[PDB]
Amino acid sequence: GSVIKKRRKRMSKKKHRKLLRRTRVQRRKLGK
Amino acid sequence: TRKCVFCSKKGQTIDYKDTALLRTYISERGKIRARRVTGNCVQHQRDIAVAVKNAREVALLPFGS
Amino acid sequence: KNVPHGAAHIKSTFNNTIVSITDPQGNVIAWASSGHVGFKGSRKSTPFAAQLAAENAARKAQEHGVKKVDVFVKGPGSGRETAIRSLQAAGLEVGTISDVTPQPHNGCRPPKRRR
Amino acid sequence: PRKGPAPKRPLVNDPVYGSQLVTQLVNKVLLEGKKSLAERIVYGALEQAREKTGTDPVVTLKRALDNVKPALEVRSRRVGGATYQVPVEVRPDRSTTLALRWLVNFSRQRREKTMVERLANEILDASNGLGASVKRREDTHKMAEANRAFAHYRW
RNA sequence: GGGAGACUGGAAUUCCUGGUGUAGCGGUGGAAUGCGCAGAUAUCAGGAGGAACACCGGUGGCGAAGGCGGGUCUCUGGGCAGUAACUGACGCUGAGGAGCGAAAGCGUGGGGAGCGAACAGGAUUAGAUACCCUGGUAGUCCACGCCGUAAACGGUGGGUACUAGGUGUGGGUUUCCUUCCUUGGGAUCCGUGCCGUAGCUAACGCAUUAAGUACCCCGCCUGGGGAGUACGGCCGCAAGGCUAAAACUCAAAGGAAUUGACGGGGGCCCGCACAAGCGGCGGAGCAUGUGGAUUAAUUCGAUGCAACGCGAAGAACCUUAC
C-alpha cells in the first residue's frame, strides 16, 4: 500500500493517547 | 564434492574420548570446521560438533587455543 | 637492572596506541604512549604516532639492557605493522608475533550502534 | 593522456659529441628560448672540465650521472583525507631526467657568480661524488628505504 | 534448537586485593564534559558476582501460532515411513465458549555484571527538550500471578479432488549395475526453495507449496474523514482492552503501471580533471576596473562559475546621460 494511510492513522491515535494522558485524574474522579 | 566418511561401511563410530578423530575436524585455533569443508552429512556433522563440545568440557581439547 | 629477554605488548585501538615492554613474568620496565610523544587528540591515532611511540619505548627498554623481545599485539590495528617495524629499526630483535585480542563467546551486551 | 601513452619524442643526435646526454642537458638548461647561449654555456663548462680533469668528457659525465642516478621514488596516495607515501622503483629514463633536473636547478646556487664555472664546478664535484646531487640522491634513497613498509597497495 | 525441572563448563566485561610503572587515558568530523598524577591507562597473579551461550550454523530442523540451539541427567508432547493384523464412515467446518499467546507494562519477594527509557552535564546549531560524547534510575534476569496486544505478515482461514515440466535440498522405504564404497542409476511417500507452460489477474504477478478448475463450512467488506472516537455495557490493581454509533463535512480518497524531472543513490567513459613537467598570481612599485566614505554630482548598466585591461576601438569643452 502507501504509508500515507498508516501515517494518518498513527497521527490520530497519537493525539488520542496524548489526550487520554492529559485527563487521567479528572476521568478517575468522574468515573468513580 | 566429497563424501561422508562415516556414511561408508568402514566409518568408525564417533566417541568423545577419541582425541585423534575429533582433532581431525578442529582447526588450528580449535574451532570446529564447517560442513562444506569436511563434506559429511548433517547428522554426522551434528555428532562431531556435540562430541567436540563434550571433549572440550572435560579438558581433552582446548577451549579455542 | 639487567633483563636480556623481555616481551612487548602493543595495544592498537581506533583512538590511541600503547606500547609496553615487560619482563617475561609481566613486570613493566618501559612504556610509551601515542600521546606521550607530543600528539593530542585524533592525531594520536595515526601510524606515524605509533612508530614514534614504539621507537621511544624501545629506547627506554634499551637503556635497561634488553636485547630480544616477543610481541603480543591487541586491538583493531591501525599502527600494528608500523609499530613492529619501528621496534625492529630500533635495534631490538622481534622473536615471535602473536595476536592476542579478547574475543567473547557471546557474553555481555555491546553498546547501541551509532547513527 | 587518459586513453593511452603518447608516443615518445625522438632525440636529435648531438653533432659535436655523438651522444644525446649533452643535448638533453643543454635543452633543459635552455630558458627564455635560446639554443645558442645555452649551447655555449654547456660547451664552456665541458671544456673547463676538459682542462681541469684531463679525461674524456663523455665517460666522466657518464659515470657521474650514473653515480647520481636515483633508483627509487616516493609517491603520495590519499584515502579518507589522509595521505600515504609508497615507494616505487624508477625507470632509468626518469632517473636520469631527475638527476639532470637536480643538477640544472641547483646549479644556480654556487656562489662563484658565473653560470659556466658553476656548471663546470658542480659537474666536477659530482664526478668526485662530493656534489650536492649526491646528497639529494642519498636523501631520496633514505626516504625510499625508511618508508618501505607502506607498499601493500602495490603501485 | 518441541516442552519442563535439576546440576554443571569456558571465553569475555565490570569490581576488589596485591606487584611493575610512569604521565597521561578516554572520546570525536574536531573537541569538551569525564577518569588520573592522593598513583589512572597499560602488564601479571588471586578472588566476587551477574547475564548471554563464539566455532558447528544455512533460506537447514522442530512447533497450531507466539517461538526454540553451552553440556549432562530425569520426566514428557507431536510428526514420518514400512506392514497392513484391528474398529467399520466413527469424517469436515464451527456461531457463541475455552485455552495458548513476542515485546513493553503492573503486584509481591529476590538479584543486579553489561546495556539502557527518564534525568544530568559536553558538543553542534539561529535555537537543539534530538542525532554524536561522558555518566546514569526503572527495566532487561529469577519465583508466582496479572494485561491479551504487534507490519501477531505469505498483508494469502480450514478440508478434499483434478491440471506440462526442469532443477537444488531434509527424512524414510525398495529394484537394476554391482566395482559391491561413492548424490552408482531407477521407483515411491512426506516436507522445504528457484525457474517455468496451459489457465487466471487492472497490472504487478501466482503458477501441483495456485492467486488455476470445482464441492462443503466459518470469519469479513459496501466512498474518504469524523472514528476504532462518544454514549451504554463486560474485563483489568492500573495502563488500558473488547462491542460499537450519530450530527457535520468533502467530490474525491485509493491500486498498478507509463513518460519526464529531481536525489546531500549508484556504475562505466571523457576534458590540462588529477598525476607528470614549464612558467606564473598571492610579497614590491606602477596602470586600469570594482566593493567601501565623502561633497556638487562623484552619470547608469555589469555581481560566483557565466560581473570586476567588461560595456566605453581613446572623458579640457562636445562626447555626458551628472
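Engineer: Can you walk me through the arrangement of the chains in this structure?
Structural biologist: For the two pairs of chains in contact, the largest share of contacts goes to chains C and D. There is a clear gap between chain A and chain C: no contact, and 23 Å between their nearest C-alpha atoms. The two units chain B and chain D remain apart, with a minimum C-alpha distance of 27 Å.

Engineer: Teacher, can you tell me more about the pattern of salt bridges here?
Structural biologist: When the charged atoms of two side chains lie near each other, side chains of opposite charge can form a pair. Residue and element names in this part refer to chain D. A complete count under the given rule lists seven salt bridges over all chains for this structure. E32 is the salt-bridge partner of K34, the closest N and O atoms lying 3.3 Å from each other. Note on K34: relative accessible area 32%, which makes it partly exposed. Of the residues examined, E32 reaches a relative accessible area of 64% and is grouped as exposed. A salt bridge links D125 to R110; the shortest N-O distance between them is 3.2 Å. Remark: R110 occurs in the loop between α4 (92-106) and α5 (115-128) and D125 occurs in helix α5; sequence separation between them is 15 residues. The class of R110 is partly exposed, set by a relative accessible area of 24%.

Engineer: Please explain the protein's contact with RNA strand E as it appears in this structure.
Structural biologist: In the vicinity of RNA strand E there are 67 residues, among which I32(B), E57(B), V28(C), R94(D) and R101(D) approach most closely. Of all atoms in RNA strand E that approach within 4 Å of the protein, 71% are sugar or phosphate atoms. Between RNA strand E and the protein, one listed contact pairs a phosphate oxygen with a side-chain N or O atom of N16(C) at 2.7 Å. Contact between RNA strand E and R2(D): a base nitrogen at 2.8 Å from a side-chain N or O atom of the residue. Of all the elements in the fold, those that place two or more residues in the surface near RNA strand E are α1 (3-22) and α2 (24-31) of chain A, α3 (42-57) of chain B, β2 (17-22) and β3 (28-33) of chain C together with α4 of chain D. When residues of the surface near RNA strand E are assigned to their parent elements, the largest contribution, nine residues, is made by α3(B). Of the residues contributing to the surface near RNA strand E, the split by class is 14 nonpolar, 26 polar and 27 charged.

Engineer: I tried to follow the sheet that holds β3(C) on my own but got confused; where do I start?
Structural biologist: Whether parallel or antiparallel, the strands of a sheet pair through hydrogen bonds between backbone atoms. Residue and element names in this part refer to chain C. Read from one edge of the open sheet, five strands run β3-β2-β1-β4-β5, paired in mixed fashion. In this open sheet, the two edge strands, each paired with only one partner strand, are β3 and β5 (93-99). Across this sheet, the average inter-strand angle for adjacent strands is 20 degrees, counted without regard to direction. Taken strand by strand, helix α1 (residues 47-63) contacts β2 and β3, and its axis lies near 155 degrees from that of β3. In this fold helix α2 (residues 80-89) packs onto β1 (5-12), β4 (68-74) and β5, with an angle of close to 150 degrees to the strand it touches most, β1.

Engineer: Looking at this structure, I do not really get the packing of aromatic side chains. What am I missing?
Structural biologist: In this description, an aromatic ring pair is defined by two values, namely the gap between the centres and the angle between the planes. Residue and element names in this part refer to chain D. For the structure shown, the criterion picks out five aromatic pairs over all chains. Measuring from ring centre to ring centre gives 5.4 Å for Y17 and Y43, while their planes differ by 75 degrees; the resulting arrangement is edge-to-face. With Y17 in the segment before α1 (20-29) and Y43 in helix α2 (residues 35-53), this residue pair connects regions lying 26 residues apart in the sequence. The partly exposed category is assigned to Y17, whose relative accessible area is 22%. Site record: aromatic cluster; members linked through ring pairs are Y84, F150 and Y153. We note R77 situated over the ring of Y153; from NZ or CZ to the ring centre the distance is 4.7 Å. Across from the ring centre of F106, 3.9 Å away, lies the NZ or CZ of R136, which sits over that ring.

Engineer: Mind showing me how you'd approach the packing of α4(D) against helix α6 (residues 132-146) of chain D here?
Structural biologist: When two helices pack together, their arrangement is captured by the angle between the axes and the distance separating the axes. Residues and elements named next belong to chain D. Packing of α4 against α6 brings their axes to within 10 Å, and their N-to-C directions diverge by 130 degrees. The angle between α4 and α6 places the two elements in the oblique class. Judged by the twist between their axes, the crossing of α4 over α6 is right-handed. In this structure, α4 contributes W102, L103 and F106 to the contact, and α6 contributes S133, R136 and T140. Of the residues contributing to the contact of α4 with α6, the split by class is three nonpolar, two polar and one charged.

Engineer: Looking at this structure, how should I read the pairing of β1(C)?
Structural biologist: Looking down a regular strand, the side chains alternate between one sheet face and the other. Residue and element names in this part refer to chain C. Pairing of β1 with β4 involves seven bridges; the strand directions are parallel. Pairing of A7 across the sheet is with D70, part of β4. In the sheet, β1 pairs with β2 via six bridges, with the strands oriented antiparallel. What sits directly across from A8, in β2, is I21. Linkage of β1 to β2, two consecutive antiparallel strands, is achieved through a turn of four residues.

About the criteria used
Residues numbered from 1 in each chain as written, not as in the entry; some residues may be left out. Chains lettered and ligands numbered in written order. Part of a larger assembly, values for the part shown. Heavy atoms only, no water. Contact = heavy atoms within 4.5 Å. Salt bridge = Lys/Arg side-chain N within 4 Å of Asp/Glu carboxyl O. Buried < 20%, exposed > 50% of the residue type's maximum accessible area, 1.4 Å probe, protein only. Helix = DSSP H or I, 4+ residues; strand = E, 2+ residues; numbered from the N terminus. Near = heavy atom within 4 Å. Polar contact = N/O pair within 3.5 Å; in protein donor to acceptor, adjacent residues only side chain to side chain. Nonpolar A, V, L, I, M, F, W, Y, C, P; charged D, E, K, R; others polar. Pairing = 2+ DSSP bridges. Axes fitted to C-alpha atoms, helices over the stretch in contact; angles between N-to-C directions. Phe/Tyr/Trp six-rings, centres within 6.5 Å; stacked < 30°, edge-to-face > 60°. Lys NZ or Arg CZ within 6 Å of the ring centre and 35° of its normal. Parallel < 35°, antiparallel > 145°, perpendicular 65-115°, else oblique. Left-handed = near helix turned anticlockwise from the far one by under 90°.

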